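Participant: Below is one structure. I have some questions about it.
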Amino acid sequence: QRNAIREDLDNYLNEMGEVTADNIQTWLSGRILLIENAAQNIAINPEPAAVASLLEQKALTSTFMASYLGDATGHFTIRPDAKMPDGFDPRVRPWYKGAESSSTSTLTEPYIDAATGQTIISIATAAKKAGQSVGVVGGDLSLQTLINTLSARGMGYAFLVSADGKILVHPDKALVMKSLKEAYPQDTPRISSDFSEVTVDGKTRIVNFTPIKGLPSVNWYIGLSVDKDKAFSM
Ligand SMILES: CC[C@H](C)[C@H](N)C(=O)O
């Protein structure tokens, strides 16, 4: 009976994957624009009084945990202000290196925030004034915000996985920054497969992967994992 509507279930799961990727792409896109705008505006006049005033504005401080500018001399400005660890250097941080490596904006993987000590991600971009970089701007979003975004939509759940197979954001915090192989050792889903049927705790799940279109610099996927019996029962 299943083998007759199995192509049907594929169609629903692909649809659910697409919708989820679309939403995330949309939620991130406005935040990417604010950081880009901040960087465009800094490049206007990169005097440090100006920078501070821009990063203090409510549109940025209500949207990000903090935003900041770092330069090639090692200096930085962060708003809201925070006590940084001794010897903190913005140049070595994943937002800075990421932004300098790309011709456009970028998004980090999860990393440990120097300010709060919590796992976050960052949107970052180089502020270019007339072709020349003047530093890197970024904004921090917490993993909990990202987890909350994903879990909005009883078959299953969504998670965010990079195109290298590293889980970035998953409702089970234990699996954050684990590869697929490490998180699903017994029976590993493969991105190369439209659908991967895997056993988790003696139950079959169906896992697909949907690319998130329209992100700058990164190729990430939405993963969907659904209980096979619940999915078919539907
Ligand atoms: C000023 C940079 C901030 C603190 C960034 N979240 C970092 O951890 O590097």
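We label chains A, B, ... in the order they appear in the structure tokens, count residues from 1 in each chain, and number ligands from 1 in the order shown.
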May I have the residues within 8 Å of residue 179 of chain A as a list in words, using only C-alpha atoms and disregarding those fewer than 2 positions away in the same chain?

Facilitator: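 Using only C-alpha atoms, the neighbours found are residues 165, 166, 167, 177, 181, 182 and 183 of chain A.
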
Participant: Kindly save the residues from that selection, with C-alpha atoms included, as a short mmCIF file (atom, residue, chain, number, x, y, z; two decimals), in the first residue's frame.

Facilitator:
data_model
loop_
_atom_site.label_atom_id
_atom_site.label_comp_id
_atom_site.auth_asym_id
_atom_site.auth_seq_id
_atom_site.Cartn_x
_atom_site.Cartn_y
_atom_site.Cartn_z
CA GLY A 165 27.43 17.94 6.03
CA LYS A 166 27.96 19.75 9.33
CA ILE A 167 24.80 20.34 11.35
CA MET A 177 28.28 21.34 15.01
CA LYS A 181 28.06 10.97 10.26
CA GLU A 182 28.68 11.80 13.92
CA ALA A 183 25.09 12.70 14.75
#

Participant: When DSSP is applied to the backbone of this structure, which of segment 85-193 of chain A are assigned strand (DSSP E or B)? Write them out as a ChimeraX atom specification.

Facilitator: /A:106-107,111-112,119-129,132-142,156-162,166-169,179

Participant: Smallest atom-to-atom distance to residue 120 of chain A: which of A:107, A:38, A:9, A:136, using only C-alpha atoms?

Facilitator: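 Looking at the shortest contact to residue 120 of chain A, the residue is A:107.
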
Participant: Around ligand 1, out to 7 Å and counting only C-alpha atoms and all ligand atoms, which residues are there? I want them as a PyMOL selection string.

Facilitator: chain A and resi 68+76-78+90+93+95+112-115+122+140

Participant: Go ahead and dump the residues you just picked, N, CA and C atoms, as a compact mmCIF listing (two decimals), in the first residue's frame.

Facilitator:
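The resulting file, out-v3.txt, is reproduced below:
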# COMPACT_ATOMS: atom_id res chain seq x y z
N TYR A 68 29.04 45.66 15.37
CA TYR A 68 30.41 46.07 15.60
C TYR A 68 31.07 46.28 14.25
N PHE A 76 38.36 47.88 17.34
CA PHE A 76 36.94 47.54 17.08
C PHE A 76 36.03 48.45 17.90
N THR A 77 34.78 48.54 17.47
CA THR A 77 33.71 49.20 18.21
C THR A 77 32.52 48.27 18.24
N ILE A 78 31.94 48.09 19.42
CA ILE A 78 30.82 47.19 19.58
C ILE A 78 29.72 47.93 20.32
N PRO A 90 39.82 41.40 16.88
CA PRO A 90 38.75 41.13 15.94
C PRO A 90 39.20 40.44 14.65
N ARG A 93 38.86 36.60 14.36
CA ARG A 93 37.53 36.06 14.67
C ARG A 93 36.83 35.58 13.41
N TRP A 95 33.93 35.92 11.98
CA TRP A 95 33.20 36.91 11.19
C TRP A 95 34.11 37.74 10.34
N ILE A 112 31.65 30.48 19.43
CA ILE A 112 31.50 31.05 20.77
C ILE A 112 31.73 32.55 20.87
N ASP A 113 30.67 33.26 21.24
CA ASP A 113 30.71 34.71 21.25
C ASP A 113 31.75 35.20 22.29
N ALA A 114 32.67 36.06 21.89
CA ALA A 114 33.64 36.63 22.83
C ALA A 114 32.94 37.45 23.90
N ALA A 115 31.92 38.20 23.49
CA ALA A 115 31.11 38.99 24.42
C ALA A 115 30.30 38.21 25.47
N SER A 122 27.01 34.87 13.04
CA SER A 122 27.13 36.26 12.71
C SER A 122 26.90 36.48 11.23
N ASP A 140 25.31 39.84 15.58
CA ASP A 140 25.27 38.52 16.19
C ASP A 140 23.81 38.13 16.45

Participant: Per residue of segment 55-157 of chain A within 12 Å of segment 191-208 of chain A, record the nearest atom pair and its distance in Å to one decimal, counting only C-alpha atoms, with rows in chain order and ascending residue number, as a Markdown table.

Facilitator:
| residue | atom | partner | partner_atom | distance |
| --- | --- | --- | --- | --- |
| A:155 | CA | A:205 | CA | 9.7 |
| A:156 | CA | A:205 | CA | 8.8 |
| A:157 | CA | A:207 | CA | 9.9 |

Participant: Export, as a PDB file, in the first residue's frame, the selected residues with N, CA and C atoms.

Facilitator:
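Saved file again_38.pdb follows:
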ATOM      1  N   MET A 155       4.811  15.413  12.488  1.00  0.00           N
ATOM      2  CA  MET A 155       5.531  14.378  11.739  1.00  0.00           C
ATOM      3  C   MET A 155       7.022  14.402  12.055  1.00  0.00           C
ATOM      4  N   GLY A 156       7.545  15.607  12.255  1.00  0.00           N
ATOM      5  CA  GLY A 156       8.980  15.809  12.198  1.00  0.00           C
ATOM      6  C   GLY A 156       9.372  17.245  12.473  1.00  0.00           C
ATOM      7  N   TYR A 157      10.570  17.579  12.013  1.00  0.00           N
ATOM      8  CA  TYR A 157      11.244  18.782  12.445  1.00  0.00           C
ATOM      9  C   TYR A 157      12.295  19.105  11.389  1.00  0.00           C
TER      10      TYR A 157
END

Participant: Rounded to one decimal place, report the atom CA of residue 23 of chain A-atom CA of residue 189 of chain A distance in Å.

Facilitator: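 Computing it gives 23.5 Å between the two atoms.
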
Participant: Hey, what does DSSP flag as helix (DSSP H, G or I) within chain A? Can you give it to me as a ChimeraX atom specification?

Facilitator: /A:2-44,48-55,58-61,90-92,94-101,143-150,173-175,180-183,228-232

Participant: For residue 81 of chain A, please output as a PyMOL selection string all residues within 12 Å (counting only C-alpha atoms; exclusion window: fewer than 2 positions along the same chain).

Facilitator: chain A and resi 52+55-56+61+65-69+76-79+83-84+115-116

Participant: Using the selection just defined, write its residues with C-alpha atoms as an mmCIF file, in the first residue's frame.

Facilitator:
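Okay, this is what ended up in selection_24.cif:
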data_model
loop_
_atom_site.group_PDB
_atom_site.id
_atom_site.type_symbol
_atom_site.label_atom_id
_atom_site.label_comp_id
_atom_site.auth_asym_id
_atom_site.auth_seq_id
_atom_site.Cartn_x
_atom_site.Cartn_y
_atom_site.Cartn_z
ATOM 1 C CA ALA A 52 29.597 54.507 17.164
ATOM 2 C CA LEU A 55 25.848 51.059 15.663
ATOM 3 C CA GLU A 56 23.878 52.623 18.521
ATOM 4 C CA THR A 61 20.308 47.039 18.686
ATOM 5 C CA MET A 65 22.650 40.950 20.157
ATOM 6 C CA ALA A 66 25.352 43.438 19.191
ATOM 7 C CA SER A 67 26.883 44.949 16.112
ATOM 8 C CA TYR A 68 30.409 46.069 15.598
ATOM 9 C CA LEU A 69 33.122 47.215 13.241
ATOM 10 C CA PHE A 76 36.942 47.544 17.083
ATOM 11 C CA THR A 77 33.706 49.201 18.208
ATOM 12 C CA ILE A 78 30.822 47.186 19.581
ATOM 13 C CA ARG A 79 27.324 48.309 20.462
ATOM 14 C CA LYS A 83 33.783 43.998 28.373
ATOM 15 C CA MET A 84 35.905 41.922 25.983
ATOM 16 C CA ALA A 115 31.112 38.993 24.422
ATOM 17 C CA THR A 116 28.514 36.622 25.944
#

Participant: Just want the 12 Å neighbourhood of segment 147-154 of chain A, counted on only C-alpha atoms, with same-chain residues fewer than 4 positions away dropped. Output as a PyMOL selection string.

Facilitator: chain A and resi 16-17+19-28+110+119-121+141-143+158-160+168-173+176+222-231+233-234

Participant: What would the file look like if the residues just selected were written as a CSV table (one decimal), in the first residue's frame with N, CA and C atoms?

Facilitator:
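What landed in result.csv:
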chain,number,residue,atom,x,y,z
A,16,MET,N,7.5,20.7,1.7
A,16,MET,CA,7.8,21.2,3.1
A,16,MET,C,9.2,21.8,3.3
A,17,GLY,N,10.2,21.0,2.8
A,17,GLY,CA,11.6,21.5,2.6
A,17,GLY,C,11.7,22.9,1.9
A,19,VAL,N,9.4,25.2,1.5
A,19,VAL,CA,8.7,26.3,2.2
A,19,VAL,C,9.5,26.8,3.4
A,20,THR,N,10.2,25.8,4.0
A,20,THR,CA,11.0,26.1,5.2
A,20,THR,C,12.2,26.9,4.8
A,21,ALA,N,12.9,26.4,3.7
A,21,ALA,CA,14.0,27.1,3.2
A,21,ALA,C,13.6,28.6,2.8
A,22,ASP,N,12.5,28.7,2.2
A,22,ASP,CA,12.0,30.0,1.8
A,22,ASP,C,11.8,30.9,3.0
A,23,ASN,N,11.1,30.5,4.0
A,23,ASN,CA,11.0,31.3,5.2
A,23,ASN,C,12.3,31.7,5.8
A,24,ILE,N,13.3,30.8,5.9
A,24,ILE,CA,14.5,31.1,6.5
A,24,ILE,C,15.3,32.1,5.7
A,25,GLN,N,15.3,31.9,4.4
A,25,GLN,CA,15.9,32.8,3.4
A,25,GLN,C,15.3,34.2,3.6
A,26,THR,N,14.0,34.3,3.8
A,26,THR,CA,13.3,35.5,4.0
A,26,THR,C,13.6,36.2,5.4
A,27,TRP,N,13.7,35.4,6.5
A,27,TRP,CA,14.0,35.9,7.8
A,27,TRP,C,15.4,36.5,7.8
A,28,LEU,N,16.4,35.8,7.2
A,28,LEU,CA,17.8,36.2,7.1
A,28,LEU,C,18.0,37.3,6.2
A,110,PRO,N,28.1,28.5,13.5
A,110,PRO,CA,28.1,28.6,15.0
A,110,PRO,C,29.5,28.8,15.5
A,119,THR,N,27.0,30.3,22.2
A,119,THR,CA,27.0,30.0,20.8
A,119,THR,C,26.1,30.9,20.0
A,120,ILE,N,26.6,31.5,18.9
A,120,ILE,CA,25.9,32.4,18.1
A,120,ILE,C,26.3,32.2,16.6
A,121,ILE,N,25.7,32.9,15.7
A,121,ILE,CA,26.2,33.1,14.4
A,121,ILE,C,26.3,34.5,14.1
A,141,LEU,N,23.5,36.9,16.1
A,141,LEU,CA,22.2,36.3,16.3
A,141,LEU,C,22.5,35.0,17.1
A,142,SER,N,21.8,34.8,18.2
A,142,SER,CA,22.0,33.7,19.0
A,142,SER,C,21.5,32.3,18.5
A,143,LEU,N,22.1,31.2,18.9
A,143,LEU,CA,21.6,30.0,18.4
A,143,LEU,C,20.2,29.8,18.8
A,158,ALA,N,12.7,20.4,11.4
A,158,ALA,CA,13.7,20.9,10.5
A,158,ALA,C,15.0,21.2,11.3
A,159,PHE,N,16.1,21.2,10.6
A,159,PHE,CA,17.4,21.6,11.1
A,159,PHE,C,18.2,22.2,9.9
A,160,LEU,N,19.2,22.9,10.3
A,160,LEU,CA,20.1,23.6,9.3
A,160,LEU,C,21.4,22.9,9.2
A,168,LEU,N,24.4,22.7,11.7
A,168,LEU,CA,24.6,24.1,12.2
A,168,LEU,C,23.6,24.4,13.4
A,169,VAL,N,22.4,23.9,13.2
A,169,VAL,CA,21.3,24.3,14.1
A,169,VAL,C,20.3,23.2,14.1
A,170,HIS,N,20.0,22.7,15.2
A,170,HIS,CA,19.2,21.6,15.4
A,170,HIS,C,18.5,21.7,16.7
A,171,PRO,N,17.2,21.3,16.8
A,171,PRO,CA,16.5,21.4,18.0
A,171,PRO,C,17.1,20.6,19.2
A,172,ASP,N,17.7,19.5,18.9
A,172,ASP,CA,18.6,18.8,19.8
A,172,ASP,C,20.0,19.5,19.8
A,173,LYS,N,20.2,20.4,20.8
A,173,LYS,CA,21.5,21.1,20.9
A,173,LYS,C,22.7,20.2,20.9
A,176,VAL,N,24.4,20.0,17.4
A,176,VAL,CA,25.0,21.3,16.8
A,176,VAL,C,26.5,21.1,16.7
A,222,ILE,N,18.3,23.1,4.4
A,222,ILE,CA,17.3,22.7,5.4
A,222,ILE,C,17.2,21.3,5.3
A,223,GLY,N,17.3,20.6,6.5
A,223,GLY,CA,17.2,19.2,6.6
A,223,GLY,C,15.8,19.1,7.2
A,224,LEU,N,15.1,18.0,6.7
A,224,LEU,CA,13.8,17.6,7.3
A,224,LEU,C,13.8,16.2,7.6
A,225,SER,N,13.5,15.8,8.9
A,225,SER,CA,13.4,14.5,9.3
A,225,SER,C,12.0,14.2,9.8
A,226,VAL,N,11.4,13.2,9.2
A,226,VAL,CA,10.0,12.8,9.7
A,226,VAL,C,9.9,11.4,10.0
A,227,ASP,N,9.1,11.0,11.0
A,227,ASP,CA,8.8,9.6,11.3
A,227,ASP,C,8.1,9.0,10.1
A,228,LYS,N,8.6,7.9,9.6
A,228,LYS,CA,7.9,7.2,8.5
A,228,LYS,C,6.5,6.9,8.7
A,229,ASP,N,6.2,6.3,9.9
A,229,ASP,CA,4.8,5.9,10.1
A,229,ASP,C,3.8,7.1,10.2
A,230,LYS,N,4.2,8.2,10.9
A,230,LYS,CA,3.5,9.4,11.0
A,230,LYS,C,3.3,10.1,9.6
A,231,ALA,N,4.4,10.1,8.8
A,231,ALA,CA,4.4,10.7,7.5
A,231,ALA,C,3.4,10.0,6.6
A,233,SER,N,0.9,7.9,7.5
A,233,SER,CA,-0.3,8.3,8.1
A,233,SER,C,-0.6,9.8,8.0
A,234,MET,N,-1.0,10.2,6.8
A,234,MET,CA,-1.2,11.6,6.4
A,234,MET,C,-1.3,11.7,4.9

Participant: Quick one: pull the distance between atom CA of residue 129 of chain A and atom CA of residue 43 of chain A, Å, one decimal.

Facilitator: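 We find that atom CA of residue 129 of chain A and atom CA of residue 43 of chain A lie 4.8 Å from each other.
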
Participant: Which residue out of A:53, A:162, A:11, A:106 has the minimum interatomic distance to residue 139 of chain A when only C-alpha atoms are used?

Facilitator: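 Result for the nearest residue to residue 139 of chain A: A:106.
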
Participant: One decimal, Å: what's the distance from atom CA of residue 63 of chain A over to atom CA of residue 132 of chain A, could you say?

Facilitator: 27.9 Å

Participant: Which is closest to residue 103 of chain A among A:14, A:118, A:57, A:217, if we use only C-alpha atoms?

Facilitator: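 When distances to residue 103 of chain A are compared using only C-alpha atoms, the smallest one comes from A:217.
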
Participant: Write out as a PyMOL selection string the residues lying within 10 Å of residue 133 of chain A, counting only C-alpha atoms and excluding same-chain residues fewer than 3 positions away.

Facilitator: chain A and resi 43+71-72+100+125-130+136

Participant: Report as a list in words all protein, DNA and RNA residues lying within 10 Å of residue 218 of chain A, evaluated on only C-alpha atoms, omitting residues in the same chain fewer than 2 positions from it.

Facilitator: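 Close residues of residue 218 of chain A: residues 102, 105, 106, 107, 108, 109, 162, 163, 212, 213, 214, 215, 216, 220 and 221 of chain A.
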